[PDB]
Amino acid sequence: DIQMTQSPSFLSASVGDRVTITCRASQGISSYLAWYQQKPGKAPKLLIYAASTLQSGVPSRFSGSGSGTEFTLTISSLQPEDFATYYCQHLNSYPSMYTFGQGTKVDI
Amino acid sequence: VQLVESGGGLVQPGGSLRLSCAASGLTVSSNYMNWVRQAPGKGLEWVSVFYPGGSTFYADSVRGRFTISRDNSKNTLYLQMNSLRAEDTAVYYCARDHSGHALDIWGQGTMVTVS
Amino acid sequence: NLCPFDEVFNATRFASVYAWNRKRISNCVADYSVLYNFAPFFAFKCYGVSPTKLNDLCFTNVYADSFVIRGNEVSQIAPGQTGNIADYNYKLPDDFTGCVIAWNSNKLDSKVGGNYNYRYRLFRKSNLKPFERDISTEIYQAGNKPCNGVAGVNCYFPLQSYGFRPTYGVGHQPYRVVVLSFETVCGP
């Protein structure tokens with residue numbers, strides 16, 4: 001079994017600067033990990049999947065690259081609409097399957 | 001593709017509810033479909049999964065009381081629950097899996113509270 | 001005439017699970033004791049037969065199916081069972097008479113920075129009948145809309161690539177599994 005945890009938890013980031021998020025996986029990990037964005041009171045939408053694949057409709061503003069245990073995502077632009085929450089996952093073996101781990105919060 | 005979900009409301013402890021996942025654009029009998037739970041002000045959790053074949057895997061916390069079903073006649077996905085006060089107090093989501101790990105088409109949540 | 005169990009086990013390169021090799025070992029002396037002496041094992045299990053009493057038995061056909069599976073997915077190779085590998089790549093029968101051999105290969109099978117060669121069938125319309133194989137690379141169809149050749153959206157390439165690197169955990173490490181189905185072949 002593996003446990004997914006995120007270090008930043010709450011953060012404070014201004015419009016001018018960028019934000020970097022990291023989530024760790026115990027006992028190693030494959031290359032399959034997805035990042036989600038969930039504005040409060042809205043169903044979350046896929047943002048980045050697999051190894052920095054990027055998705056149609058997701059702006060090129062977002063880019064999340066990593067390998068092995070250390071995984072991270074970074075936002076380059078000024079974040080006009082201040083984003084709210086972000087999550088990790090990774091599909092597993094029979095008993096656990098989808099593991100999301102602790103959430104993350106970023107704001108002004 | 002849209003995944004509109006119905007059902008919900010309030011059910012007393014020990015009661016029962018069913019939720020239907022209406023999908024127009026993708027075949028329920030051909031894609032990995034699953035149920036995702038989110039208690040208010042907390043992270044997300046995984047409930048069920050339903051392969052193209054006659055297979056189904058449940059999480060430990062929702063095993064034996066939660067049953068999933070698929071009907072190709074209405075092209076919809078159903079989840080049957082026999083609720084408990086702390087087992088079901090969350091919004092429920094319906095999703096599809098593209099590459100075996102990523103859930104893209106997330107439907108609107110349905111509030112299912114117990115009291 | 002010793003059976004070619006030496007050739008099956010020490011293959012330099014195995015195949016992916018979706019296209020699994022098969023060898024009809026017939027008309028030779030088995031001598032199953034060679035397995036333990038040379039290759040250490042991870043999950044040596046037998047159904048319907050016994051390991052020690054394997055040599056003093058006679059069979060007409062002893063098959064041999066070989067592939068490479070993730071470590072945490074080796075357990076799906078067993079009678080019945082449901083999963084990504086068992087249901088859609090290689091399904092063993094219920095009344096199964098044979099042995100399943102699994103041993104780690106992270107020392108050799110793992111590559112320097114990528115082993116995208118190995119693939120498994122993520123998408124299939126229905127489960128496999130026991131002891132079957134599908135090597136079709138046609139684009140899968142999701143949704144009532146007709147599916148064109150290009151994958152794009154709502155059409156997927158079925159096969160998905162393993163990621164093998166030496167730093168990965170024991171769960172995601174490569175494994176080698178050989179299944180010897182049973183059915184002249186009498187060991188010494």
# chains A, B, ... in the order shown; residues from 1 in each chain; ligands from 1
$ residues_around --residues "residue 7 of chain B" --least-positions-apart "4" --cutoff "9 Å" --atoms "only C-alpha atoms" --output "NGL selection string"
:B and (17-20 or 110-112)
$ select_by_dssp --residues "segment 59-187 of chain C" --states "alpha helix (DSSP H)" --output "JSON, numbers by chain"
{"C": [84, 85, 86, 87, 88]}
$ interface_residues --of "chain A" --to "chain B" --cutoff "12 Å" --atoms "only C-alpha atoms" --output "JSON, numbers by chain"
{"A": [5, 9, 30, 31, 32, 33, 34, 35, 36, 37, 38, 40, 41, 42, 43, 44, 45, 46, 47, 48, 49, 50, 51, 53, 54, 55, 56, 57, 58, 85, 86, 87, 88, 89, 90, 91, 92, 93, 94, 95, 96, 97, 98, 99, 100, 101, 102, 103, 104, 105]}
$ select_by_dssp --residues "chain B" --states "strand (DSSP E or B)" --output "number ranges by chain"
B: 2-6, 9-11, 17-24, 32-38, 44-50, 56, 66-71, 76-81, 90-97, 103, 110-114
$ interface_residues --of "chain C" --to "chain A" --cutoff "9 Å" --atoms "only C-alpha atoms" --output "ChimeraX atom specification"
/C:72-73,83,162-165,167-172
$ write_last_selection --atoms "C-alpha atoms" --output "compact mmCIF listing (two decimals), in the first residue's frame"
# COMPACT_ATOMS: atom_id res chain seq x y z
CA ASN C 72 1.15 -6.20 -7.47
CA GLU C 73 -0.76 -7.71 -10.42
CA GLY C 83 -8.98 -7.40 -12.97
CA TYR C 162 4.19 0.03 -18.43
CA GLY C 163 6.68 2.38 -16.87
CA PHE C 164 9.74 0.53 -15.59
CA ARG C 165 12.62 2.27 -13.83
CA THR C 167 13.96 3.35 -8.57
CA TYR C 168 10.33 2.19 -8.57
CA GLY C 169 8.84 0.45 -5.57
CA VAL C 170 8.48 -3.29 -5.16
CA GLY C 171 4.82 -3.04 -6.10
CA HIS C 172 5.50 -1.56 -9.54
$ interface_residues --of "chain C" --to "chain B" --cutoff "9 Å" --atoms "only C-alpha atoms" --output "compact mmCIF listing (two decimals) with N, CA, C and O atoms, in the first residue's frame"
# COMPACT_ATOMS: atom_id res chain seq x y z
N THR C 82 -10.84 -11.34 -11.08
CA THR C 82 -11.23 -10.26 -11.97
C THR C 82 -10.24 -9.11 -11.85
O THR C 82 -9.76 -8.81 -10.75
N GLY C 83 -9.93 -8.48 -12.97
CA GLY C 83 -8.98 -7.40 -12.97
C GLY C 83 -8.63 -6.97 -14.38
O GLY C 83 -9.19 -7.47 -15.35
N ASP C 87 -9.05 -10.40 -16.69
CA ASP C 87 -10.28 -10.37 -17.47
C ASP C 87 -10.03 -10.05 -18.94
O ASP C 87 -10.73 -10.58 -19.81
N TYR C 88 -9.04 -9.21 -19.24
CA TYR C 88 -8.90 -8.67 -20.58
C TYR C 88 -7.63 -9.10 -21.31
O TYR C 88 -7.52 -8.83 -22.52
N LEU C 122 -5.89 -2.36 -21.93
CA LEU C 122 -6.73 -1.65 -20.97
C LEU C 122 -8.20 -1.72 -21.35
O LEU C 122 -9.07 -1.84 -20.48
N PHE C 123 -8.50 -1.64 -22.65
CA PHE C 123 -9.87 -1.52 -23.13
C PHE C 123 -10.26 -2.74 -23.95
O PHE C 123 -9.55 -3.11 -24.90
N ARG C 124 -11.39 -3.34 -23.60
CA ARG C 124 -11.95 -4.45 -24.35
C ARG C 124 -13.45 -4.48 -24.09
O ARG C 124 -13.91 -4.09 -23.02
N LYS C 125 -14.20 -4.94 -25.09
CA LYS C 125 -15.65 -4.96 -24.99
C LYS C 125 -16.15 -5.97 -23.96
O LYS C 125 -17.14 -5.70 -23.27
N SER C 126 -15.50 -7.12 -23.83
CA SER C 126 -15.99 -8.16 -22.95
C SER C 126 -14.83 -9.04 -22.50
O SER C 126 -13.74 -9.02 -23.07
N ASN C 127 -15.09 -9.83 -21.47
CA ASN C 127 -14.07 -10.68 -20.88
C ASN C 127 -13.64 -11.77 -21.86
O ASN C 127 -14.30 -12.06 -22.86
N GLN C 141 -13.83 2.10 -29.40
CA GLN C 141 -14.95 3.00 -29.60
C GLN C 141 -15.65 3.24 -28.26
O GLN C 141 -16.02 2.29 -27.57
N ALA C 142 -15.81 4.52 -27.91
CA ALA C 142 -16.53 4.91 -26.71
C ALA C 142 -17.60 5.92 -27.11
O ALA C 142 -17.28 7.03 -27.53
N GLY C 143 -18.86 5.53 -26.98
CA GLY C 143 -19.97 6.36 -27.37
C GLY C 143 -20.62 5.88 -28.66
O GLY C 143 -20.01 5.20 -29.49
N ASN C 144 -21.89 6.24 -28.82
CA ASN C 144 -22.65 5.81 -29.99
C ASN C 144 -22.17 6.47 -31.28
O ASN C 144 -22.47 5.96 -32.36
N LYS C 145 -21.44 7.57 -31.18
CA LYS C 145 -20.92 8.22 -32.37
C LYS C 145 -19.92 7.29 -33.07
O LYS C 145 -19.12 6.62 -32.40
N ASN C 154 -12.88 10.35 -27.37
CA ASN C 154 -13.85 9.26 -27.32
C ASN C 154 -13.42 8.03 -28.11
O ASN C 154 -14.18 7.07 -28.19
N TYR C 156 -9.85 5.56 -28.20
CA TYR C 156 -8.58 5.37 -27.51
C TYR C 156 -7.80 4.22 -28.14
O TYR C 156 -8.39 3.23 -28.58
N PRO C 158 -6.07 1.04 -27.39
CA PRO C 158 -6.32 0.20 -26.21
C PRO C 158 -5.08 -0.03 -25.36
O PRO C 158 -5.12 0.17 -24.14
N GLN C 160 -1.79 0.11 -23.25
CA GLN C 160 -1.15 1.12 -22.42
C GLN C 160 0.20 0.60 -21.95
O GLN C 160 0.35 -0.59 -21.66
$ residues_around --residues "residue 115 of chain B" --least-positions-apart "2" --cutoff "12 Å" --atoms "only C-alpha atoms" --output "ChimeraX atom specification"
/B:9-15,83-86,88-89,112-113
$ atom_distance --atom1 "atom CA of residue 16 of chain A" --atom2 "atom CA of residue 84 of chain A"
16.6 Å
$ atom_distance --atom1 "atom CA of residue 71 of chain C" --atom2 "atom CA of residue 93 of chain C"
21.4 Å
$ atom_distance --atom1 "atom CA of residue 121 of chain C" --atom2 "atom CA of residue 140 of chain C"
10.8 Å
$ residues_around --residues "residue 51 of chain C" --least-positions-apart "3" --cutoff "10 Å" --atoms "only C-alpha atoms" --output "JSON, numbers by chain"
{"C": [32, 33, 44, 45, 46, 47, 54, 55, 99]}
$ write_last_selection --atoms "N, CA and C atoms" --output "PDB file, in the first residue's frame"
ATOM      1  N   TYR C  32      11.453 -31.518 -13.332  1.00  0.00           N
ATOM      2  CA  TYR C  32      11.018 -30.240 -12.785  1.00  0.00           C
ATOM      3  C   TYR C  32      11.944 -29.698 -11.707  1.00  0.00           C
ATOM      4  N   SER C  33      12.860 -30.508 -11.177  1.00  0.00           N
ATOM      5  CA  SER C  33      13.719 -30.046 -10.096  1.00  0.00           C
ATOM      6  C   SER C  33      14.704 -28.971 -10.534  1.00  0.00           C
ATOM      7  N   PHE C  44       5.624 -19.305  -6.096  1.00  0.00           N
ATOM      8  CA  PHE C  44       5.609 -20.635  -6.699  1.00  0.00           C
ATOM      9  C   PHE C  44       4.366 -21.359  -6.190  1.00  0.00           C
ATOM     10  N   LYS C  45       3.337 -21.438  -7.028  1.00  0.00           N
ATOM     11  CA  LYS C  45       2.051 -21.992  -6.632  1.00  0.00           C
ATOM     12  C   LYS C  45       1.581 -22.997  -7.670  1.00  0.00           C
ATOM     13  N   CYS C  46       0.858 -24.016  -7.213  1.00  0.00           N
ATOM     14  CA  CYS C  46       0.339 -25.055  -8.086  1.00  0.00           C
ATOM     15  C   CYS C  46      -1.099 -25.371  -7.707  1.00  0.00           C
ATOM     16  N   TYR C  47      -1.912 -25.665  -8.719  1.00  0.00           N
ATOM     17  CA  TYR C  47      -3.326 -25.975  -8.546  1.00  0.00           C
ATOM     18  C   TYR C  47      -3.613 -27.322  -9.187  1.00  0.00           C
ATOM     19  N   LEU C  54       5.509 -33.857  -8.608  1.00  0.00           N
ATOM     20  CA  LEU C  54       5.347 -33.531 -10.019  1.00  0.00           C
ATOM     21  C   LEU C  54       6.183 -34.434 -10.916  1.00  0.00           C
ATOM     22  N   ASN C  55       7.371 -34.836 -10.463  1.00  0.00           N
ATOM     23  CA  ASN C  55       8.249 -35.639 -11.308  1.00  0.00           C
ATOM     24  C   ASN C  55       7.667 -37.023 -11.576  1.00  0.00           C
ATOM     25  N   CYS C  99       0.770 -25.225 -12.725  1.00  0.00           N
ATOM     26  CA  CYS C  99       1.608 -24.498 -11.788  1.00  0.00           C
ATOM     27  C   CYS C  99       1.867 -23.098 -12.323  1.00  0.00           C
TER      28      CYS C  99
END
$ closest_residue --among "C:61, C:52, C:43, C:183" --to "residue 25 of chain C" --atoms "only C-alpha atoms"
C:61
$ residues_around --residues "residue 157 of chain C" --least-positions-apart "6" --cutoff "8 Å" --atoms "only C-alpha atoms" --output "JSON, numbers by chain"
{"C": [137, 138, 139, 140, 151]}
